[PDB]
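Asker: After the structure tokens below, expect a handful of questions from me.
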Amino acid sequence: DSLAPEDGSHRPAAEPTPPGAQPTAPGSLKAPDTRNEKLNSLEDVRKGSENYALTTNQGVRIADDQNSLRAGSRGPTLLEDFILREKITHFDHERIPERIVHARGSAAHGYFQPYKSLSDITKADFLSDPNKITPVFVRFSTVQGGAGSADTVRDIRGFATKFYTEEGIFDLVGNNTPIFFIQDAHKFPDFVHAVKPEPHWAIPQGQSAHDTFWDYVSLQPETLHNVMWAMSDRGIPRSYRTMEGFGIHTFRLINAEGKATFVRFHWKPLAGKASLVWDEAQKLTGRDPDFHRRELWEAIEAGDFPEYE
Amino acid sequence: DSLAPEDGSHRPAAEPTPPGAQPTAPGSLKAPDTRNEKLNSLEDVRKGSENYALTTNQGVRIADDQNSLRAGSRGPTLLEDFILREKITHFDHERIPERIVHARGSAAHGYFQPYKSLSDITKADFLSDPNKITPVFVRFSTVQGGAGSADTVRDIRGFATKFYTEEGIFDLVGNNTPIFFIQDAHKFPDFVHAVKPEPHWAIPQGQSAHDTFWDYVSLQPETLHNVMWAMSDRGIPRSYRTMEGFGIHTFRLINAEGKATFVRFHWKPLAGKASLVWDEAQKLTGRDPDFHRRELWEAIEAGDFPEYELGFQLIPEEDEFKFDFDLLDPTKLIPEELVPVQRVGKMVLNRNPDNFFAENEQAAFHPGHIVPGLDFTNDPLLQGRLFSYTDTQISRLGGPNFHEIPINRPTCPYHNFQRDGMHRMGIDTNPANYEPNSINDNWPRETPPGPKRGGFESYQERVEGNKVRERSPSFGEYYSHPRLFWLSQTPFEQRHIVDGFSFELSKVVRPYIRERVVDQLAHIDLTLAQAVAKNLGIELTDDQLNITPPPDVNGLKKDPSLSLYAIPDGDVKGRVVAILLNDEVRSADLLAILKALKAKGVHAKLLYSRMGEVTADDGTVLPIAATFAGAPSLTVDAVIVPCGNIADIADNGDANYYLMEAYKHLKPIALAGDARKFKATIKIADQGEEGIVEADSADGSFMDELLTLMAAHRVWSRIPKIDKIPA
Amino acid sequence: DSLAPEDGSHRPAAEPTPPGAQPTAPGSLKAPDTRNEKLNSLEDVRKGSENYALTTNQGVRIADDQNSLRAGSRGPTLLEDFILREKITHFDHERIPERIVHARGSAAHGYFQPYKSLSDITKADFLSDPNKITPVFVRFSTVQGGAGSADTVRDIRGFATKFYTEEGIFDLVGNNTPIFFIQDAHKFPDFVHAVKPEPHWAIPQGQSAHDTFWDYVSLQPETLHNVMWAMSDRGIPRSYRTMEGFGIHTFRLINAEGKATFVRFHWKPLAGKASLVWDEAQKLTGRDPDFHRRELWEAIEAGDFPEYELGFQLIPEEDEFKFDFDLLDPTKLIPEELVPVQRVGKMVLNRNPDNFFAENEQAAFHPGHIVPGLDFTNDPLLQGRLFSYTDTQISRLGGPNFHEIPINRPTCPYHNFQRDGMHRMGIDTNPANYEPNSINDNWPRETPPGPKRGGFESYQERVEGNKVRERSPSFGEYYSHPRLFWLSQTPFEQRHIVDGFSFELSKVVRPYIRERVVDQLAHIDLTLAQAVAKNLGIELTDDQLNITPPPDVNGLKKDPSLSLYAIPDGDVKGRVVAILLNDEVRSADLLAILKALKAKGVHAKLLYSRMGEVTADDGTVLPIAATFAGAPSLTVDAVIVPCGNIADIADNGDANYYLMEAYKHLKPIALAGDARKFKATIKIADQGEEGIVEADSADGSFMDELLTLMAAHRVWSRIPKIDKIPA
Amino acid sequence: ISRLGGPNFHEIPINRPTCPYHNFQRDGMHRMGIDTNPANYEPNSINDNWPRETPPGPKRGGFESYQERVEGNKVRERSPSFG
Ligand code: HEM
Ligand code: HEM
Ligand code: HEM
């Protein structure tokens, strides 16, 4: 007599299945066959659970996890209850600081490969050979809202790719528009404070529709280009799968002879471009604020891998 | 040539003014005259800004705050730019850990005073004299959602009051329901994980409508009582001003002779009880997720101070066992029919903070911050809480010295031998850091316990039993309280409870969980389980249909104190009404509307298809506060549509839907003159209908009918008629 | 009946009193009258203790601070004991990270003033007016050892001064030598790891005498100059009062017209230069490892304020390239023969702190805290430092808000848009947190640069070159500075340097390292390498013997400013003398001894075989400050042994060895009457000897000879005679 | 929590147990372990209540405190027997 249903309908199929079909599940149980060198390198720190005893962090098996140790079935809790202290303590310290910006974000694993060697223009090992598969981790995000804000807000989106290359980690940290708000990083905090909730009362959440943000804009026309994009349907995407991604800055490529070529990076969505409309987007933040995080998760379980070029 | 407008319209009036009237502002600039000893003690750490030079944190004036220092107008940034490094660094480290729970929260300052000395029952100095004013800081909150989640979610609300007393800080850390989910603090993290977003993917935010939460519930029927409240309209309040607050645990009062009296604490809202309905609440999380935080802030700027009355249920020591549930079980309420709530004093929340991070975010409430005159009981959930609220500060607020953070600073003296935290502010001059010590003549000294100004000493409760990890058998009853709750509710309240469960349950993906929760409901009440099971498409079995209901609670068949709306105490002061404008408003209509509302403290917001102005028929200029879409019916208590150029708005999608939504959410609607032609959209008869006020023009009669509908909060009688409207 | 003694001898006098006279005490109780604007600004965070009740951090009075709350006088502790949990918790979290380097350090308050306005060369407000008094806080330190390591180690000393100016905090973060170990900050961690204890086993503490440090040296001859200083008596000072201090890098001064002048900063000790010798220093780390921290503390309580004179080497812009080393190379000194030090002002350190953790431990010095009037140069070690001192605070002092920690707080205004750290004290009222902002009329505002009270603006140095990671070729000279140093030293100073290297090198286990370091020494001076190589048992080869010495430095064959003792400026005020007592001291001897010493500000400590008292021959009662073993000769500058019952101590092992150790460490010794029979132990002749003052009795002549020996600090002429004595 | 920076100090290599350790504790600072359990709570049906409590026994049992009798009042007082 255990608590799982007899017919086994607690446990999802290890199979590509559509949104709604199955309960969702950790990648390593929903898609155990999907691999790559990063995901396999994580094996040493994964922990399973089936057929294991519940224990303290120090290894001790627990016999009753339903009660504090007290003097009598109706007495005080005793300070010698180290099982309770550890369990509460760990809970007590669960949280770590959210990101200053892009605190609200959704990720996945995957891989990249070049279409052709690029050694003409760069010695970047990860671009040296179209047979070279590079594991990636990607986190898409909003910018302004906290880690528990809505997904479909009118904001810029972040689009960050960590490439785990053979000659080091390369981070491509971009947005869903090809420009930024400001020209010099020295005014970074100024702008971010301007769009972040107002300091006296912490309002509004994941919105630019307030006094201070526009005050700033109106006094710094450098912002206007990106503000344009934000106000467009670009700032309310359908899906992380259906937006373009940009490195924004001009960088350099450097080849084996030392020749520099300027470059700007792009991600082009094989899913194409698609965005919501405002009333739909705004009301959807209420009806399902995890809309993007969800859609991404499901699309992946469903075999609809997001691809970008 | 400076950047402020010439006419001075950047700067808000230092005057009580309605929602929308002025830009909002830090309490110390919006209400500089409001004071109390806490707020004045904060003066040493406030910082102004006018007529000061912008500087580095080290005091250096900055000449250019628009640029990094680079080699050339187009070169690299140099590492010697300490101005840029400090400015970015500080920004880089701005954030601190959110609360584990109740991370999403809204606060204010204020005060409390007792109605009469309470020295008969407790030596608590703050309750000793009705002339003794105690400054308070209060933070209301949700439970599950992060610090950036929505306000109007279906969750429990927290209600925490820090009393800055003369013999120490007393923290009253309560919720908006009178029970908790669980019995022993050891399962705290289990339950909280169960309702918090799911670990694999971090979904859903500030919602209980997911698999794991209900899985837990279904396996731990101890939770069912509070789950009932959550599913009721209790779990989606109108305003922090319009909910009740509860200490939950039985505590002790202790007087100058050492007599213990058991007590449970209450906050009773002078604003009365009022709550939204689900569709309204859920969609409002999208339209304005800061709805509660906003409403609180504005109500305060507006002079509508939230007030609550502190009341005690008192139970003598020799009555411990007279009730047929255990006073120490926190999943059981003490019916007010058996123990009534005695009003003891009052709290007024009369000023907003200056900086939300400084004052709200960093405040630390902890229920074990009690004072002489109070003490704990063996409630095994309370017992737990004692441990956790001190611990968690060490990582949330960065160390043991969190009591030195301004808002948390006591306002009485505090001296000891505690030395050296991280971020230590106090500089101890005591030649000694230990006691006994002869080198400073043992100062500071222990203080023997006494009538007033004494040392703390715990009530000397007899403890007899063995060291066991076992739930008290007396806690083994799960259903009679839910049942009591449910039968106290009005019929429309019960529809809501039903629809509450049905909605949540419908987003549990694994259907066997839906069945198991239904099974639990069967043990509480069969009406209820039938209605829910219908909505999930489940047939109760013969077995389930025959399940014996649990006992009355101490012979009670209902308790009217458990209903929100049993005895309406709804109060209009502070509420807001939408006025739908057209380009040609009949001014004497409008005059009379605003004049009537103003007399009863009811705020209006004038709305239109666009911003700016429109002009009255008599050429009074009417400024627009927001558009129809900008400020949806969700955000208001009623809708009024005066006469004029109705043709202007008559075919406007947004104005029509404003009315349709308002109607579906059971709000009062008032239509003057040609505005009555809008009845067509709300599929109302020509005969009239209760809840729709109508007339040739707005007069004495028209306004009074409307305001009276408002004193009823909502038009419940409308419920049967709303399923046909498509909104 | 309280625990303080009836006669009040627990509580020290609020009066300047000598070392040993009184118990030591927090500055604000020992010297309440000493003030300055910093110390008075600290008043808001000081906490007293007398006549206050002992309480929890939340304000609650405690009645019993001797017990946990338990179920029964013999039962378990209960989790509801919040008094115990808070008290233990705070203790549990007392410690914060030690400094990465200079973790071991000692501080005090004080002030500075300029001798004359300096507005000709700099607009630095703090140097604008000789009437302008600037409060300072100074922390002296070692480098390698942990916060609980010894004071008298052979290490570099740090010397950090925080100036609390009217236009911001200026941090002067220097050392006790005029150069550094390395050229580019990129190798900072490499060197520091090399000298810090070895990673496998954490050995040795505050010592450079290990394998890895010398391995590094031997492979990076850039280090050799400063290593020279370290090995000299410079690396084992007598007192923080008796060393020179250096800013090391060339900085810029910038005046009201924008003219840059290069500058290097100096502190010149009004106490003069004085240092221990190795055996004395090393053994003193065992006998009193707090020797420096103590001496500083006492000197201050005693009225012997440490004073230093701030001096500048100034070099005009067009002289950048006149020197045959690079002004930007921090491993090169600017000889005072080529650029003399101009005294500019003076600093007085006139009050100890109240709480060592509060004020010392938490203080944050950072060289990039400069003000208008000052600016940086491209010194590639300095360039580095700029980055690190802001960064490291984030984990040492727990966040970006470390400038809010009391001691670190500026004393001028500071306002900006920086919001929200961990442990945020300031509560910002600015309606705006950004600029430009119109909503607060852009306050606080940028300030254009100007003659005084202006914005900071960097000197607009021309930068021309490509982005490279390459050491300047002009830095490629390693030996001529060491050579200069060495040839400036007196012969006995050079023995010490030799013995320095020989000792350290002898504890390098892998002998090939010993050889490689010797090889380096060969390139500096062959005398030196011969002496060291002898002591390690190494034969220099023919190759090594022929190595050409490096060039003179700009035609210099020596610089007397680089010697400690070239031109003795040793000063007796503040020094201490041991007086060896017997049970029958001849009182008129002693009268004359203490009377003479007192006239020149020289402190005495009366010592005996045990504690308590002894009586004079005339029945004056002589209190004993410590025993012979309790306060070894190490801790004193000279030893005096008056007449009386010499028989009492004549055969006492400890009294004899007191003298033998004192003699081996070249200290002045003075023996009256029968005390002359002690000459026997120190293997002195009957004829006399220079450095041993002797006579029938202590008179005008006897005392003066002694004090004059003291003005010479040590008896160098004794050196040849000490190897025969076995101490 | 402050010396070693968080609740996850048992994950620091030297401190790591050498036997199995599994529970529902989630998320410290510097979390090394990546939990795959579909559930982070118990009772839980969705992972068939794993990992499970273990009743106490001769070897390999759950921990259970010795059931010492406690009798006295809640006092802050040194035992006289210690005097
Ligand atoms: C060029 C325009 C920018 C783009 C495309 C951009 C992109 C982002 C993205 C996508 C994230 C979220 C990273 C994640 O998922 O972990 C992010 C986080 C961050 N960004 Fe921005 N960013 C931009 C400008 C800036 C500027 C000007 C600063 C500061 C000067 C800044 C500092 C940060 C910091 C400190 C974090 C997150 C904390 C962390 O991940 O360690 N970024 N950046
Ligand atoms: C009796 C039922 C409970 C009530 C009425 C309750 C009330 C609350 C409220 C209102 C907050 C938000 C405080 C704020 O605004 O700062 C809160 C936070 C917290 N609670 Fe609960 N709580 C309950 C159960 C528990 C249990 C069982 C634990 C742990 C065993 C717990 C531990 C915490 C911690 C660690 C925090 C916040 C972190 C902090 O403020 O230091 N509480 N409690
Ligand atoms: C120019 C040669 C140097 C001098 C004269 C020097 C001086 C000092 C002194 C005296 C201290 C102790 C400060 C105190 O009492 O709080 C110190 C600490 C420190 N130094 Fe060095 N230093 C030098 C080189 C460096 C370099 C190259 C770095 C890194 C590149 C460095 C980074 C630090 C840090 C991070 C601290 C202490 C942590 C803190 O106070 O915030 N310094 N410096």
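Chain identifiers are assigned as A, B, and so on, following the order in which chains appear in the structure tokens; residues are numbered from 1 within each chain, and ligands are numbered from 1 in order of appearance.
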Within 6 Å of ligand 1, counting only C-alpha atoms and all ligand atoms, which protein or nucleic acid residues do you find, written as a list in words?

Answerer: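 Counting only C-alpha atoms and all ligand atoms, the residues within 6 Å of ligand 1 come out as residues 99, 100, 101, 102, 139, 158, 159, 160, 173, 174, 175, 180, 185, 188, 247 and 248 of chain A; 92 of chain B.
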
Asker: Write out as a ChimeraX atom specification which residues come within 10 Å of residue D:27 when counting only C-alpha atoms, dropping same-chain ones fewer than 6 positions away.

Answerer: /A:90-91,93-96 /B:199 /D:7-8,33-35

Asker: Enumerate as JSON, numbers by chain all residues of stretch 395-579 of chain C assigned to helix (DSSP H, G or I) by DSSP on the backbone, naming them with the chain letters and numbers the document uses.

Answerer: {"C": [395, 396, 402, 403, 404, 406, 407, 408, 473, 474, 475, 480, 481, 482, 483, 484, 485, 486, 487, 488, 491, 492, 493, 494, 495, 496, 497, 498, 499, 500, 501, 502, 503, 504, 505, 511, 512, 513, 514, 515, 516, 517, 518, 519, 520, 521, 522, 526, 527, 528, 529, 530, 531, 532, 533, 534, 535, 536, 542, 543, 544, 545, 560, 561, 562]}

Asker: With a cut-off of 10 Å, could you pull out the residues of chain A touching ligand 2 and give me the nearest pair of atoms for each, distance in Å to one decimal, using only C-alpha atoms and all ligand atoms, ordered by chain and ascending number, as JSON lines?

Answerer:
```
{"residue": "A:84", "atom": "CA", "partner": "ligand 2", "partner_atom_place_in_ligand_line": "30 (C)", "distance": 9.3}
{"residue": "A:85", "atom": "CA", "partner": "ligand 2", "partner_atom_place_in_ligand_line": "30 (C)", "distance": 9.6}
{"residue": "A:87", "atom": "CA", "partner": "ligand 2", "partner_atom_place_in_ligand_line": "30 (C)", "distance": 9.6}
{"residue": "A:88", "atom": "CA", "partner": "ligand 2", "partner_atom_place_in_ligand_line": "30 (C)", "distance": 6.4}
{"residue": "A:89", "atom": "CA", "partner": "ligand 2", "partner_atom_place_in_ligand_line": "35 (C)", "distance": 8.8}
{"residue": "A:91", "atom": "CA", "partner": "ligand 2", "partner_atom_place_in_ligand_line": "35 (C)", "distance": 8.0}
{"residue": "A:92", "atom": "CA", "partner": "ligand 2", "partner_atom_place_in_ligand_line": "35 (C)", "distance": 5.3}
{"residue": "A:93", "atom": "CA", "partner": "ligand 2", "partner_atom_place_in_ligand_line": "35 (C)", "distance": 8.5}
```

Asker: Select the residues contacting ligand 3 at a distance of at most 6 Å, based on only C-alpha atoms and all ligand atoms, then format the selection as JSON, numbers by chain.

Answerer: {"C": [99, 100, 101, 102, 139, 158, 159, 160, 173, 174, 175, 180, 185, 188, 247, 248, 364, 365, 381, 384, 385, 388, 389, 392, 393]}
